[PDB]
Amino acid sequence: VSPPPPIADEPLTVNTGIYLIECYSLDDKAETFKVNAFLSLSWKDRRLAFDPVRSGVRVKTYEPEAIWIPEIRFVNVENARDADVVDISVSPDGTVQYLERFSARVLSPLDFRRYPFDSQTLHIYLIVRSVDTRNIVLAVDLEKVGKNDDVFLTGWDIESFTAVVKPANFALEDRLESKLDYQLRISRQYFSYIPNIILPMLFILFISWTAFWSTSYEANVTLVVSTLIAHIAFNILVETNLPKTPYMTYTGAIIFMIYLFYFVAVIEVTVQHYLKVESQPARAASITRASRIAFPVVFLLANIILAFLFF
């Protein structure tokens, strides 16, 4: 057992395919997902030719250790995948059809910029390293790339599973390495974020603005500080579900901005009271009357500007 030798001096082509049976645990924080799939491998090995006549059988079945099998590995996994050889078929010419079922935890960065209205392309990268007597090179048999209909990934919509057909070939520590990019295209179901986070967060903000219709300092201070706190809670909640990014995310921004609104609300509440104590309620009155319009208007304007920047 060692690689099949060249008729001319060509590289050995290994045809690959991945067929997804299960998708689970897309973990936003860790940036990983779990996959369970068929991996198929095919390649010519002429040493394996045989006569159906002189051997009885149209196809031969072999056990893994009886024949050379190319060492395909995944790049972006945590551990070597878990693999069960399902079947090895050789047709008389010596074409080998290899089928395994595997499960793995795959590393794959997400772009959180438009969370929770984002989409992602997950990758599974197949690789192979050339041996000394010859160069091995990968290809996609499109016939054998797919996914079953039930493959659901909680909280995500699956758009498509396809491979980039042309391998990236490169040198790595003095041997040739041939790498393939399988892509799984998903988009986040943002639905639930609406009732669970966004609206509650808006409600509490609007409740704060009722301070603009009140001349009670002690009341206002309570309205504004209390809701501020609830906002902090949502902030903390939302940030425990995301990893820490070196860029602002869309929700992140809305969340941050809204602090500014609480801060300016407190100022207004403070100024209004101060003026009142100093015996000038009319200036106060018209600062408050303004705020009733200004706050919602600037809040709306600022949001449109953000949606534009982000989307």
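Start at 1 with the first residue shown and count on from there.
Stretches compared: 127-135, 97-105. Higher mean C-alpha B-factor in the entry: 127-135.
Per the PDB record, of the two stretches 60-68 and 254-262, 60-68 carries the greater mean B-factor over its C-alpha atoms.
Across 247, 38, 50, 33, the greatest Cα temperature factor reported in the deposited entry is at 50.
When the C-alpha B-factors of 211, 176, 197, 237 are ranked from the entry, the top spot goes to 176. Residue 144: CA B factor lies in the highest third for its chain, per the PDB record. Remark: residue 152 belongs to the highest third of its chain, ranked by C-alpha B-factor as recorded. Remark: residue 166 belongs to the highest third of its chain, ranked by C-alpha B-factor as recorded.
Sort the chain's modelled residues by C-alpha temperature factor and residue 218 lands in the middle third, per the entry. Among all modelled residues in its chain, residue 29 ranks in the lowest third by Cα B-factor.
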